[PDB]
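Asker: Fold the following and give me the result.
(18 chains, ligands or ions: 11)
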Amino acid sequence: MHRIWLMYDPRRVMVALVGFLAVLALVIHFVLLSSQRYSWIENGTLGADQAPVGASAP
Amino acid sequence: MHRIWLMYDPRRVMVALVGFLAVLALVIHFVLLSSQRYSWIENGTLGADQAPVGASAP
Amino acid sequence: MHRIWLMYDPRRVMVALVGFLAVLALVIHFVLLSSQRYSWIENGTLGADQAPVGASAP
Amino acid sequence: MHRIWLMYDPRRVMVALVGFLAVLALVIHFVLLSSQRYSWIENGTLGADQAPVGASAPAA
Amino acid sequence: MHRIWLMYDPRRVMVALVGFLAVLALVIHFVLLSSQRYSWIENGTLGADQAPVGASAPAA
Amino acid sequence: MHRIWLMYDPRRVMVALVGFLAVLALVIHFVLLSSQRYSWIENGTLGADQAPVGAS
Amino acid sequence: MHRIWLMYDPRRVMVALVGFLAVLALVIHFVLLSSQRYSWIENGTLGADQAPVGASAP
Amino acid sequence: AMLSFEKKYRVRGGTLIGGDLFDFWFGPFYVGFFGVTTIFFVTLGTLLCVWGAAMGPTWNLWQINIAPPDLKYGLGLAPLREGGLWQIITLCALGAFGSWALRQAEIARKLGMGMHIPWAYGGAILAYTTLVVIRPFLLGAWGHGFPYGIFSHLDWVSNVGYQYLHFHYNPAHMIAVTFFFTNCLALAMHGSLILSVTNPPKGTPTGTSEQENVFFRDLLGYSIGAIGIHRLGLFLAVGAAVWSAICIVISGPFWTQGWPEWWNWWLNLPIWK
Amino acid sequence: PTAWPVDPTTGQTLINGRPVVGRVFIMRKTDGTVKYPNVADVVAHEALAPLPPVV
Amino acid sequence: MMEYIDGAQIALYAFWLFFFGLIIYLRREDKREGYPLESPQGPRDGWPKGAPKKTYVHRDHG
Amino acid sequence: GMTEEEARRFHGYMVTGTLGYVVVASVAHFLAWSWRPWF
Amino acid sequence: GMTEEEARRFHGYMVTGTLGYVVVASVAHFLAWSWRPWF
Amino acid sequence: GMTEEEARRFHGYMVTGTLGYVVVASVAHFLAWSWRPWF
Amino acid sequence: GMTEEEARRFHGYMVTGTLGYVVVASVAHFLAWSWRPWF
Amino acid sequence: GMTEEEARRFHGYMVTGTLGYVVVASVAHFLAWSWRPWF
Amino acid sequence: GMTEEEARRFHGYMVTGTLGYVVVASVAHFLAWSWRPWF
Amino acid sequence: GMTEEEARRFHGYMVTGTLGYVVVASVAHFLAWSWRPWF
Amino acid sequence: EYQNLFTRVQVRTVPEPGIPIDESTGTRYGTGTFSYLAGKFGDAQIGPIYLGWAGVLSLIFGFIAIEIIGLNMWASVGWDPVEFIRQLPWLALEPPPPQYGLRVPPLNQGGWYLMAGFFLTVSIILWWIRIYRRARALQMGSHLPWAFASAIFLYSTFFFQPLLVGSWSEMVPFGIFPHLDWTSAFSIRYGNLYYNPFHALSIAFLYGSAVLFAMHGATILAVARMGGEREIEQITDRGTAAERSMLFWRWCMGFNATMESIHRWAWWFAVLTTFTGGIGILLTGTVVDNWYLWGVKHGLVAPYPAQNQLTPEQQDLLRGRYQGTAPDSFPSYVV
Ligand SMILES: CCCCCCCCCCCCCC(=O)OC[C@H](COP(=O)(O)OCC(O)COP(=O)(O)OC[C@@H](COC(=O)CCCCCCCCCCCCC)OC(=O)CCCCCCCCCCCCC)OC(=O)CCCCCCCCCCCCC
Ligand SMILES: CCCCCCCCCCCCCC(=O)OC[C@H](COP(=O)(O)OCC(O)COP(=O)(O)OC[C@@H](COC(=O)CCCCCCCCCCCCC)OC(=O)CCCCCCCCCCCCC)OC(=O)CCCCCCCCCCCCC
Ligand code: BCL
Ligand SMILES: CC[C@H]1c2cc3[nH]c4c(c3C)C(=O)[C@H](C(=O)OC)c4c3nc(cc4[nH]c(cc(n2)[C@@H]1C)c(C(C)=O)c4C)[C@@H](C)[C@@H]3CCC(=O)OC/C=C(\C)CCC[C@H](C)CCC[C@H](C)CCCC(C)C
Ligand SMILES: *[C@H]1O[C@H](CO)[C@@H](O[C@@H]2O[C@@H](C)[C@H](O)[C@@H](O)[C@H]2O)[C@H](O)[C@@H]1O[C@H]1O[C@H](C(=O)O)[C@@H](O[C@H]2O[C@H](CO)[C@@H](O)[C@H](O)[C@H]2NC(C)=O)[C@H](OC(C)=O)[C@H]1OC(C)=O
Ligand SMILES: COC(C)(C)C/C=C/C(C)=C/C=C/C(C=O)=C/C=C/C(C)=C/C=C/C=C(C)/C=C/C=C(\C)CC/C=C(C)/C=C/C=C(\C)C(=O)O
Ligand SMILES: COC(C)(C)C/C=C/C(C)=C/C=C/C(C=O)=C/C=C/C(C)=C/C=C/C=C(C)/C=C/C=C(\C)CC/C=C(C)/C=C/C=C(\C)C(=O)O
Ligand SMILES: COC(C)(C)C/C=C/C(C)=C/C=C/C(C=O)=C/C=C/C(C)=C/C=C/C=C(C)/C=C/C=C(\C)CC/C=C(C)/C=C/C=C(\C)C(=O)O
Ligand SMILES: COC(C)(C)C/C=C/C(C)=C/C=C/C(C)=C/C=C/C(C)=C/C=C\C=C(C)\C=C\C=C(C)\C=C\C=C(C)\C=C\CC(C)(C)OC
Ligand SMILES: CCCCCCCCCCCCO[C@@H]1O[C@H](CO)[C@@H](O[C@H]2O[C@H](CO)[C@@H](O)[C@H](O)[C@H]2O)[C@H](O)[C@H]1O
Ligand SMILES: [Fe+3]
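Answerer: Numbering: from 1, shown residues only, chains lettered A, B, ... in the order given. Ligands and ions are numbered 1, 2, ... in the order given. Here you go:
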């Protein structure tokens, strides 16, 4: 499978990968931090039974 | 079928395809995370019969 | 009608067709998703008689 | 009639024609979809006797 | 493992690393200082039994 | 660690470091200066038991 | 320590220093003049007991 | 990658600060010391904007709104939730825009070009600096800056305009608008003329400076010439931004009534008082 | 239902029947803002529609 | 009738489709000089692929 | 460009394809009319 | 540029891909129809 | 560009990777359907 | 461009780092799940 | 450029500096967790 | 650039300026702590 | 340009002037503290 | 370093251009001349103009339009020549009253307005034809008349949108401050034009036109010492001035135009300013009547905390009426 590194220069792929994973990681953390349930800075010490849950159907 | 790779440089198509799938996956996830029924971060622990449903005809 | 591929470069036509189908499918899906009757992410689980319908003549 | 293709390059015309037809088709569909009578996505299941009709002469 | 430095110039990988860490460190501090629980300049002397905890409304 | 200066010729980067430190010090002072607890220009004389705490 | 002047042109350093200190002095005076406690052009004659103080902890 | 003629031009030299240390490229981009500082301020400022969105009511791109502090905080830094985050982002934006201008100077110096581009961009930086620094400082509170939000800043523009009842009557605003409209006209004329001599009808030779000067002459009655139209375009576009900065800095710090009643001086000239 | 129950024996807040260590506050987004649901909801908060003109 | 879709929204997406088509056209035009790009991995076009380099015919004078 | 011999056969395809499209559209209008007449 | 042979060979794949696409679309429409018909 | 033999080698990887990805996505949809069906 | 020996040598490190990263992420998810499960 | 011996020498410093920095960060988190834990 | 013996000599001063600066800062922090603790 | 001797001479002045400035500024702070102390 | 902002040495030529390129029908009007002041900033020749049939008629039709406007403005201050100059920016020729709809109104109540609008419109169309014929006579592309057609399109929407809503009263008054009063009241009537997305787009291209001309003006001046202002030769015979211009922007922002294609970016940004503008006007009052509420529906509008809250009886009390007719009497209140 290594011949993928003949089609693509590893120096370029690792730059693309580090860029992609940096953006994706920051996206997910900020999305969670914006939520009610996973606003862990304000509420991280609540237990699972105490954490918010989004409104159910009637 | 393989002659398609004589029409198009596979190095270029693979870059195009990964670009398309990345955008498409992010769009689908954000559509679902905008919704009521699939706001899984806030309500993902609800059972399938507790999850929101849009209105019926009266 | 194969002389159309002498008339037009198939590499350009096939990219044109892919772009056309991509745009058209996205348009139709988003039109339906913005309707009431076919807002399937919120209401896809409703039965066919429970799905919304627009008003009749009085 | 075929000498029209000597005046006009068919490679330009077919593109211009496809463009016109695609625009025209989309224009007509969206004009109908915006109407009351033919908003078929929301009301397409209504029978022809119960689809909307614009109001007749008001005897004003 | 050390041949990463034949692929990339260490003089500028170190610049990009230090800059990333400085940006990251400043972000996390400004994020914490924005919070109520960790607004340490105004409330850092509160003991953990007095520190804020966020909850959802009960809405019973 | 002295070999760092063979990567980064100091005459080209001391004004960088000093510029970084001067701005960072100014930011920290201005952050403190307009907090309630550390607005020392207006309230520096109070003493610790009288100084504000931003409790909820 | 004097070999620092073999790295940097004193003609430029002395200008950069005097500029910096002039800006810094002007800022600190403006910060004090904009305060309540040290707005000395209006309240400078007040005794140190009479000068304003910010609010205590309630 | 490089343009087919590019490699010859990629020499060292022309930097302002870093010397050879940062004197390199990353893909197409020149880096340099101000490239490094640019990316620092861009990344910090962007991630703080994303944090502002996270702690706000929605992720909808149009509705995100990072607002300045209340006016009661004056020239202090407010609590970060309360506008201090806007104040930090404003410092990053100043740092980024300044870094971008100085990086352009390093690039112009390396290519042996004149410094026109860095200075022309200074006209935009001036206008931004007026809106968020100079005008708020003269009014005595950072809370007078505009909010960072794609539509919420348009709500700010609307309300600032009606703070003077009928902002169209602002005389510097009339000049600024005239420059923006004249610029867009001149851009269309210059773009059209060059394309019309380089893309004449099929079976026609490529045109010449003489033809575009002849056409331009019977459009405006005079021929501006090749250097003249570029001087004019620079004058109009940058002059619009400078008159924009004037029109907003006079509104509030120097004039407080409605703008229509500013014109009372014209009615009272003694030849017709 | 604007605040969670308090344990009288400690002053400690009880969330879902169980104590929390700390001062509980109800979380909200910046300044309590909430995105507008609908035109119908925005209009429901306004005055009624104006009466017809006198001509 | 369609509640959400309206003629201003339709017209706006018609413009977006045109505008992205225009940007593609302009980027093809931007690549008539200096392309294909030199790189260590051989020639590179970016995207979209540039239009060909254009020859100009001068006049025979009078 | 093209010769008249080429224009001759292109016209044959062009006329045929046009008529086929008009035929398919004729069925679509037949179906649309049967569902919901506009007059 | 294609030879007419390459054109005629490519056309066979293009017709086949179109057919496969229309088949999938036809199944998809009939799944959609039986879940929530639009007429 | 590629020889036809290189194009044939790449096609093997491309088809296998495409079908592999669709299988992984098929399990993702199986899991998602069992958690919260959308019809 | 790399020798195939160099591609072989790089691929070993690339797989090993990817595996390591996936392990750390898998532990991180199970800690997050134990503290506050999202389903 | 730099030789494999230079790369290897630099790598040893670089790994050590990273691990030392990570150790210092670990103690900072130990202190912060003692002051005000976040879970 | 400079030689290693220059770099060692410069490093000796730079380290000592760093320690001097940190000492002044350490006294400044302990004065501030004495005046108004932040934990 | 500069020399060890030239640098030493300038350094003597630069150090002396800096320290002289800081001395005068310390007397201004003494006067300001006597007038209206800030802690 | 020389900035190339003004010309310290001009040169005269005693014979001159201004005698046109070979042009056929019509006549070259006047003799060429030099302005030393024009020569400081640009090319010095101020000189002969071409009209032809379409240019002559355009000036006749346009002059009448200007006369009708000015005479009505002057009549509106009772023929006072002092008040005509003193009050000039507040004067208008004003569109018809709303109750007429599209019917012909009285002469002093908008009849002169529609006449001036008609002759101005004919004059603008005849000027477009004059430009189109001149571009072809000089053997040029048609880029300039189509750019001018974009401006004419926006202008025509100040006729078609009043037509579509059904009243000439909605048209723009001829007058300096009065047309700005209309511009504000249009945004008020239709519920804040900032939320019209084509207005937002039109601004994006108006600003972008300034961005591009600032960038392009500066770029060419920055390479003018290397002949970069000889743009046609830099297009046909690329020199180092073009290469440096491409490399500057490539190294700055990661991509670049060419010496030709930057003029296409320029052309489309200017043209799209008025084209998107016209679409936004045509949609206003015909498809959308309150753009802020369209913004709320489509999620444009950022939320703010409520500044007031109405009770239900206030909701009935605080509704007004839509504005009606003015009182056509002077009531006595004595009993
Ligand atoms: C968005 C905002 C609005 C702004 C919005 C607009 C944004 C505009 C920017 C858009 C992206 C532009 C990208 C670009 O131009 O790239 C040029 C480059 C050049 O290709 P090349 O010339 O052929 O190859 C270069 C390479 O061979 C040699 O690179 P060099 O040696 O010169 O430089 C090294 C790099 C970074 O090095 C690395 O990343 C690798 C480090 C080792 C990784 C080891 C594995 C780690 C595993 C984890 C272990 C973990 C445990 C140990 O950096 C430099 O030194 C150059 C200077 C950088 C700039 C200065 C930075 C200053 C400090 C501040 C930094 C702050 C933080 C960024 O191209 C490539 O490498 C290939 C393409 C790379 C794509 C990168 C972007 C991908 C983003 C994907 C996001 C997708 C979202 C949907
Ligand atoms: C409403 C009125 C609007 C009014 C304002 C409208 C503004 C319009 C102008 C801006 C857009 C054009 C930007 C551009 O062309 O940059 C050159 C770049 C690559 O150049 P290349 O010559 O084709 O290829 C170079 C490559 O072969 C060799 O380079 P190297 O090996 O050294 O480095 C590697 C490359 C890898 O590429 C990338 O990383 C792409 C980065 C992102 C591309 C743009 C994505 C969309 C916009 C940004 C979204 C993310 C933004 C946060 O690294 C580079 O080449 C980096 C240099 C390019 C940096 C471009 C930065 C543009 C930022 C635009 C910001 C727009 C803000 C609205 O091009 C591309 O990557 C493809 C661009 C295709 C046209 C864009 C429009 C597409 C419309 C949608 C069609 C269907 C999907 C494509
Ligand atoms: C000229 C070469 C030296 C010098 C040589 C001496 C000598 C010799 C003596 C002092 C002494 C003192 N110096 Mg010393 N001093 C210098 C620079 C300084 C600087 C400075 C910012 O650079 C400062 C703040 C001081 C400060 C001081 C005081 C701690 C002290 C006496 C009080 C004083 O301030 O007098 C005011 C002085 C100044 C503000 C600046 C210097 C002015 C002139 C050049 C020296 C005046 C000396 C004074 C008249 C004493 C005479 C002693 C008899 C000759 C025996 N000096 C220069 C660099 N200094 C005396 C001491 O140790 O007392 C305890 C002492 O005998
Ligand atoms: C792409 C959008 C931009 C745009 C573009 C644009 N405008 C253009 C063009 C272009 C590309 C032209 O080619 C065209 C032009 O000619 O430019 C010089 C024009 C034009 N843009 C104009 C104006 C204009 N453009 C504006 C805006 C814009 N123009 C947009 C920003 C505005 C604004 C912002 O409000 C204005 C006011 C004109 C200067 C010109 C069109 C001139 C025209 O049509 O004139 C008609 C004639 C008259 C009104 C009559 C004049 C009467 C004389 C004073 C009478 C003298 C007596 C006479 C001799 C009597 C007759 C006797 C006979 C026997 C001779
Ligand atoms: C003069 O007449 C005009 C026209 O009616 C009045 O203006 C009306 O009211 C305004 C709200 C509106 O802007 C305008 O369009 C118009 O509708 C104006 O105020 C004056 O009113 C007095 O005269 C009225 C009149 O029409 O002559 C009179 O109206 C009443 O009497 C007439 C018969 O004389 C009858 O036809 C009307 O139906 C009747 N209307 C009402 C409401 O009573 C006004 O009398 C009263 C009580 O309103 C006069 O008003 C006064 C105070 O004298
Ligand atoms: C909010 O919810 C939303 C976000 C919307 C939901 C959606 C989410 C979506 C769509 C997510 C998609 C995620 C994804 C998709 O694939 C994620 C894919 C992730 C992947 C693949 C990660 C891979 C990481 C690999 C790493 C870390 C490798 C490290 C390698 C190292 C350390 C060795 C380097 C080489 C060396 C040292 C050799 C030198 C020797 C040399 C050179 C020699 O010797 O020659
Ligand atoms: C709000 O919450 C949000 C923010 C959203 C939550 C999310 C946060 C996220 C996603 C965080 C991610 C963090 C992360 C991810 O990887 C973090 C990764 C961090 C890393 C890798 C740190 C590495 C540091 C390394 C250092 C310090 C090295 C120092 C080296 C030194 C000192 C020696 C240099 C060598 C010399 C001097 C020798 C020269 C000799 C020479 C030349 C010779 O001899 O030749
Ligand atoms: C919410 O956010 C907020 C509120 C902001 C919170 C978060 C804050 C954060 C994250 C802060 C981080 C701070 C930080 C991180 O590293 C801070 C790091 C600080 C550092 C490194 C300080 C180092 C200082 C070193 C100095 C002064 C050295 C001076 C040396 C001198 C004078 C000698 C010069 C040489 C000579 C004389 C010899 C010439 C001889 C020659 C030439 C010869 O002999 O040849
Ligand atoms: C003796 O000569 C004197 C001294 C009087 C000459 C001096 C004159 C002066 C001083 C003139 C001053 C003029 C000024 C200051 C004018 C200001 C004009 C401005 C600022 C105008 C701004 C906007 C106007 C717009 C947008 C108007 C648009 C009008 C349109 C599109 C009208 C179209 C009308 C049509 C097509 C009419 C058709 C006729 C039919 C019968 C079909 O009716 C509908
Ligand atoms: C679901 C829809 C179902 C109905 C669709 C019907 C579409 C029409 C199908 C017609 C099939 C036969 O169509 C016929 O093909 C032949 C051979 O290709 C074309 O023949 C064409 O090319 C040949 C040479 O190749 C010329 O000699 C001839 O003059 C020219 O017309 C005809 O122009 C066309 O009439
Ligand atoms: Fe130009």
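
Asker: When you work out contacts or count neighbours from here on, use the C-alpha atoms and nothing else.
Answerer: Fine.

Asker: how near is the nearest residue to residue A:7 once chain neighbours are set aside to ligand 4?
Answerer: Nearest residue to residue A:7 in three dimensions, chain neighbours excluded: residue B:11, at 6.6 Å (Cα to Cα, 6 or more residues apart in numbering or on different chains). From residue B:11 across to ligand 4, the span is 42 Å (Cα to the nearest ligand atom, to the nearest Å).

Asker: And residue R:38, by the same measure?
Answerer: 17 Å.

Asker: Remind me which helix or strand that residue belongs to.
Answerer: Take DSSP states H and E as the rule and residue R:38 turns out to sit in helix R:36-41.

Asker: Give me the helices and strands touching that helix, please.
Answerer: The contact analysis (3 or more Cα pairs under 8 Å, 6 or more residues apart in numbering or on different chains; DSSP states H and E) places helix R:36-41 against strand R:45-46.

Asker: Describe which strands the helix or strand that the strand it packs on is followed by pairs with in its sheet and in which direction.
Answerer: The helix or strand immediately downstream of strand R:45-46 is strand R:49-50, counting by DSSP H and E. Partners of strand R:49-50 in the sheet, by DSSP bridges, are strand R:28-29 (antiparallel).

Asker: Send me the helix holding residue R:38 as PDB with only the CA atoms.
Answerer: Output of helix R:36-41 as PDB, limited to C-alpha atoms (Å, rounded to 0.1, in the frame of the first residue of the first chain):
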ATOM      1  CA  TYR R  36      -1.400  71.800 -19.500                       C
ATOM      2  CA  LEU R  37      -3.500  70.900 -16.400                       C
ATOM      3  CA  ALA R  38      -4.800  67.800 -18.000                       C
ATOM      4  CA  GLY R  39      -1.200  67.000 -19.000                       C
ATOM      5  CA  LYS R  40      -0.100  67.100 -15.400                       C
ATOM      6  CA  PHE R  41      -2.400  64.200 -14.300                       C
END
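
Asker: I'd like the next helix or strand past the helix or strand hosting the residue nearest to residue A:7.
Answerer: Element membership of residue B:11 [criterion: DSSP H and E] is helix B:10-34. Following helix B:10-34 in sequence order, the next helix or strand is helix B:40-43 (DSSP H and E).

Asker: any idea how far ligand 8 is from the residue of chain A found nearest chain J?
Answerer: Closest contact between chain A and chain J, by Cα to the nearest Cα, is at residue A:9 (8.0 Å). Applying Cα to the nearest ligand atom, the value for residue A:9 to ligand 8 is 34 Å.

Asker: The residue nearest to that residue when sequence neighbours are not counted: what's it in contact with?
Answerer: Of all residues not flanking residue A:9 in the chain, residue N:1 sits nearest, at 7.5 Å (Cα to Cα, 6+ apart). By Cα atoms under 8 Å, 6 or more residues apart in numbering or on different chains, the contact list for residue N:1 reads A:6, A:9, J:40-41.

Asker: Farthest pair within these?
Answerer: Taking Cα to Cα as the measure, the contacts of residue N:1 span a maximum distance of 13.0 Å, between A:6 and J:40.

Asker: So between those two, which is more surrounded?
Answerer: Counted by other Cα atoms under 10 Å in any protein chain shown, residue A:6 and residue J:40 do not tie: residue A:6 has more neighbours, with 15 against 10.

Asker: Let me know the helix or strand that that one is in.
Answerer: Going by DSSP H and E, residue A:6 is in helix A:4-7.

Asker: Okay, buried residues for that helix please.
Answerer: Within helix A:4-7, the residues that count as buried by 16 or more other Cα atoms under 10 Å in any protein chain shown are residue A:5.

Asker: near ligand 1, anything from that helix?
Answerer: No - applying Cα under 6 Å from any ligand atom, one finds helix A:4-7 out of contact with ligand 1, separated by at least 13.1 Å.

Asker: Only alpha carbons, please: show that helix as CSV.
Answerer: C-alpha atoms of helix A:4-7 as CSV (Å, rounded to 0.1, in the frame of the first residue of the first chain):
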residue,chain,number,x,y,z
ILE,A,4,0.4,5.7,-2.3
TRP,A,5,3.5,7.6,-1.3
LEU,A,6,4.8,7.4,-4.9
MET,A,7,1.6,9.0,-6.2
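
Asker: So what touches that helix?
Answerer: Applying Cα under 8 Å, 6+ apart, the external contacts of helix A:4-7 come out as B:11, N:1-2, N:4, N:7, N:11.

Asker: at 10 Å what do you get?
Answerer: A:10-11, A:13, B:10-11, J:41, N:1-4, N:6-8, N:10-11 (Cα atoms under 10 Å, 6 or more residues apart in numbering or on different chains).

Asker: Stretch J:18-26 too?
Answerer: J:12-13, J:15-16, J:28-30, J:47-51, R:257, R:261-262, R:264-265, R:268, R:272.

Asker: Selecting buried members of the residues you listed in PyMOL, what would you type?
Answerer: Typed into PyMOL, the line below selects the buried ones among the contacts of stretch J:18-26, using 16+ other Cα under 10 Å:
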select buried, (chain J and resi 12+28+29+30+49+50+51) or (chain R and resi 257+261+262+264+265+268+272)
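
Asker: filter the contacts of stretch J:18-26 down to the ones near chain N?
Answerer: Among the contacts of stretch J:18-26, no residue lies close to chain N (Cα under 10 Å from any Cα of the partner chain).

Asker: Good, we can wrap up now.
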